[PDB]
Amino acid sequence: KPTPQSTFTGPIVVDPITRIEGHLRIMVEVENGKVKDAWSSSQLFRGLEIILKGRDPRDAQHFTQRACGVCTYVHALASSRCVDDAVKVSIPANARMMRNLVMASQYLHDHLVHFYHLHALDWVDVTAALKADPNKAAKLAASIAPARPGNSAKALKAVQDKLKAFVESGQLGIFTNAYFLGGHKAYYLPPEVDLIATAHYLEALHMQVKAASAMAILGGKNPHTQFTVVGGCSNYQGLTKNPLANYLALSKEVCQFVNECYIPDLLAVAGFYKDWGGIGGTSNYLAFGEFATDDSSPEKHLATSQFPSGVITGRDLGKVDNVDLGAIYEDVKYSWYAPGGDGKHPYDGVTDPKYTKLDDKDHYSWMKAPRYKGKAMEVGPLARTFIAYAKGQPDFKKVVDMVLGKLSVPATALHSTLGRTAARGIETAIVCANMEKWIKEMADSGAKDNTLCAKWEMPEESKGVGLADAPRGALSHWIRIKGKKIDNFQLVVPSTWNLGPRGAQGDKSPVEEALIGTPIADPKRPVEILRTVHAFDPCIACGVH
């Protein structure tokens, strides 16, 4: 019944954090088997903001997209919203629709790959799946998930035979030295549940191809879409009947996989790890919102996002504040940047790299520390879910209540690594339930009038901000234009909010705070650190840029 926990006292360093995007080192101090202090240390700088200075503002989206190829598209969208705001163009309704649908397709691809290919191996013992009875596994699957041929005893046995041949080869490949090899106290699942999840892990490798193909019908290609322009979008063909029929068909298949496999696996896994509802919580949440009906300005985005925007402080769901874009700043006191750079609003952002040395407690990360009124903010699916739920958004109320009921927990149980993981699935289901409506809206509008790009003029001097809620959370790009060129271009990215270091007052970031109190069953295989870190869905290329 109790959560396994050793008596280990001492430091643990985990570097590389694998099954994330990018290069992260986590350092913790452990006393009597529980984490007592933590540091989130991002280990690569590229400097896209420096590279952009003096370039054509039209080029920004193509450079910033390469901040990250996991959350591909999202930086092209934020940069396009940013430059659209700076030149004061309102994009056509069809462009709003197409950009938002590409964002929806990205949520689907991204969250499915995250749960299965990045997170699941923290919770699922793949080698234990070889001990399962495939007939027992099928019967269990039939009780917790909709009927499907992939969950049959024959299908589960084929997965098991394939895994068997692979493990027995002695070339374990990506499973080499896995934390679950030879059993591990922190892995709770019955072998049958391991096998069902492993079968779906493999299926998801094929399904993510379909999710990306759907995205590419509108986006041109995946990764790194190529269909946005200043003023709107370029892809007239994406408004036509046959491409949209194919986009719908592929989306429906992906959503069937979300509803049949992802959500039931997520619930089954969460059911066994209810103790993780009491580990890894934080208190403050931020979202810029996504899927707006009016994207004519950043203020209209914040106001009309269907996944709503807002600020929650101190877990107080009774008081959702509106976002104040002027309250955002970034500190560098504990980061690898030059002195003097603390407290900068992104319009006045500075990016002056200055490395010291590995594990220097005074400067330990290439990420800046974004703060909001002096507080750290968690961003991402859990932030969006709490904000929507507190505001009474009807799809979030329904799906959140469904989960709380299934797990038999109060909403406060969601301030945790388990809640963070559940929230990712909750919103994936909600995006899926909206796809057909959004596709019909664009098919009808695009048939009526295929206007997709507005006319615009480059100003000599201006500023603009582009907001998006990307799969990992609140994303903002900020431009100052001078002499029709980029004078300043600052990215403040969801993983910067979640996984940056301490701010100017020495206050831990959300992941640093979340790691305090983590139990460690075996300090040589600290899967519990990975559970919380992975729940934030880190992207270090995003966070540092």
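Just count from 1 along the sequence shown to find any residue number.
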Response to the item:
Mean Cα B-factor check, 350-358 vs 228-236, entry values; winner is 350-358
Worksheet item: Mean C-alpha B factor from the entry: is it higher for 6-14 or for 529-537?
Response: 6-14
Worksheet entry | From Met103, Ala468, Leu130, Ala204, residue of greatest CA B-factor | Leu130
Fill in: Highest recorded Cα temperature factor - choice among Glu31, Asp487, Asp56, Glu49
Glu31
Fill in: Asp85 - Cα temperature factor, lowest/middle/highest third of chain
lowest
Discussion item. Where does the C-alpha B-factor of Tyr262 rank in its chain, lowest, middle or highest third?
Written reply: middle
Worksheet item: What third of the chain, by the recorded C-alpha B-factor, contains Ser365?
Response: lowest
Worksheet item: Based on the entry's values, in what third of the chain does the Cα temperature factor of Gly69 lie: lowest, middle or highest?
Response: lowest
Practice prompt. Quick one: classify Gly392 as lowest, middle or highest third of the chain based on its Cα B-factor.
Written response: highest
